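Written out below as structure tokens is the structure these notes cover.
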Amino acid sequence: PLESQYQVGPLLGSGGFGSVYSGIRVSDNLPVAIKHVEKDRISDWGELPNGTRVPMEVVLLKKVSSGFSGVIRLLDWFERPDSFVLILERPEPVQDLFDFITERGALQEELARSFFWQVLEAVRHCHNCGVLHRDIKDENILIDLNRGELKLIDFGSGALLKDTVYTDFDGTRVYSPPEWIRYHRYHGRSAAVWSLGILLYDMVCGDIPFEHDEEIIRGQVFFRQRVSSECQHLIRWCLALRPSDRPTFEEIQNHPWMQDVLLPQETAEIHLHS
Ligand SMILES: CN1CCCN(c2cncc(-c3cccc(/C=C/C(=O)O)c3)n2)CC1
């Protein structure tokens, strides 16, 4: 610990989340990501099943840890006097969905379907493990290019999933639902579905539908690209103004636009050159 274990590479990115670096585990040459978070910037703290003070992000990552490849794996963590260091899985090669869409523009619907399905499975995994991500968006989705597999990353805005109201929020405003903007009140799953609607619009149109509070609150969706009627319907459903008018996860995955998804590997072969 910690230098005898990891070789630090270049910075991948920094922001509200902290600073993430490329790295390699010295023992086996495993690609890893090394994420640093200042203690002064951590607003919620949790306790591990063994009783120790860690950031909520650590709690949430451990709750979702499994063989399931749809969510990033926390491999190790360290406490420093002024920060926490998270050792995370790193697919190689990888590209985040924001960069992917920036490069390629609006995605073919077949590709968007495969990607969006995988995100749905990942988010359902989180919720099933009692975790609410709260920052679902293109930047927080990694594409494992060889395997055509998507990974949800950055649980730094997340919370334990509850059935009561959330009155706090620190994810991305332009993915946040109208009830947050207007009332500073939302429920977990229905807000999650809102952000999934933004994401899906983003995949098929190449950009997000709303930039300003007034637009989010109005909820009028305009399609700037050719999008099929079935996809438009699903997007408009996820983006229903009334939270209770939004589809459940089951209804999303049962939607006609979601039928006949490609497997991850088929997705890679067809769309990722692989
Ligand atoms: C939100 N992102 C902003 C865009 C640049 N950035 C990147 C870019 N490419 C890979 C990773 C990368 C690779 C492996 C694991 C992780 C996990 C990060 C996390 O869990 O916060 C991230 N992160 C930092 C985070």
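Order of appearance sets the numbers: ligands from 1, and atoms from 1 within every ligand. One-based numbering along the sequence shown.
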| said: Using heavy-atom distances only, which candidate in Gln95, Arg90, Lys35, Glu89 approaches atom 15 (C) of ligand 1 most closely? | reply: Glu89
| said: So if I count the atoms of ligand 1 from 1 in the order they appear, which ones are less than 4.0 Å from some heavy atom of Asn140? | reply: 1 (C)
| said: Ignoring hydrogens and geometry beyond distance, is a side-chain donor-acceptor pair present between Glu121 and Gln253 at under 3.5 Å? | reply: yes
| task | Mind checking whether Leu88 contacts ligand 1 via backbone (N, CA, C, O), side chain (CB onward), both or neither, at a 4.0 Å heavy-atom cut-off? | result | side chain
| Heavy atom of the protein closest to atom 2 (N) of ligand 1 (residue, atom name, distance) | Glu139 O, 3.9 Å
| At what distance is the nearest protein heavy atom to atom 22 (C) of ligand 1, and which residue and atom is it? | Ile153 CD1, 3.8 Å
| note | shortest atom 4 (C) of ligand 1-to-protein heavy-atom contact is with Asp96 OD2, 3.4 Å
| task | Over 60° means perpendicular and under 30° means parallel, so classify the ring planes of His255 and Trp237, tilted if in between. | result | tilted
| remark: for atom 7 (C) of ligand 1, nearest protein heavy atom and its distance come out as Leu12 CB, 3.8 Å
| Below 6.0 angstrom between ring centroids: does that apply to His127 and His133? | no
| task | Tell me who clusters with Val20, hydrophobic residues only, linked when side chains sit under 4.5 Å apart either directly or through other members. | result | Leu12, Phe17
| message | Once you measure the plane-to-plane angle for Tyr186 and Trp180, does it fall in the parallel (<30°), tilted (30-60°) or perpendicular (>60°) bin? | response | perpendicular
| Considering only heavy atoms, does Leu142 approach ligand 1 within less than 4.0 Å through its side chain, its backbone, both, or neither? | side chain
| query | By number and element, which atoms of ligand 1 are closer than 4.0 Å to a non-hydrogen atom of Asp154? | reply | 19 (C), 20 (O), 21 (O)
| For the salt bridge (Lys or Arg N to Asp or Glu O under 4.0 Å) test, which of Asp170, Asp154, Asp168 pairs with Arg134? | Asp168
| query | For atom 3 (C) of ligand 1, which protein heavy atom lies nearest, and how many Å away is it? | reply | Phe17 CZ, 3.9 Å
| query | Residues two or more places apart in sequence or in another chain: which of them pass side chain to side chain contact (heavy atoms under 4.5 Å, CB included) with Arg80? | reply | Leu2, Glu3, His36, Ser83, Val85
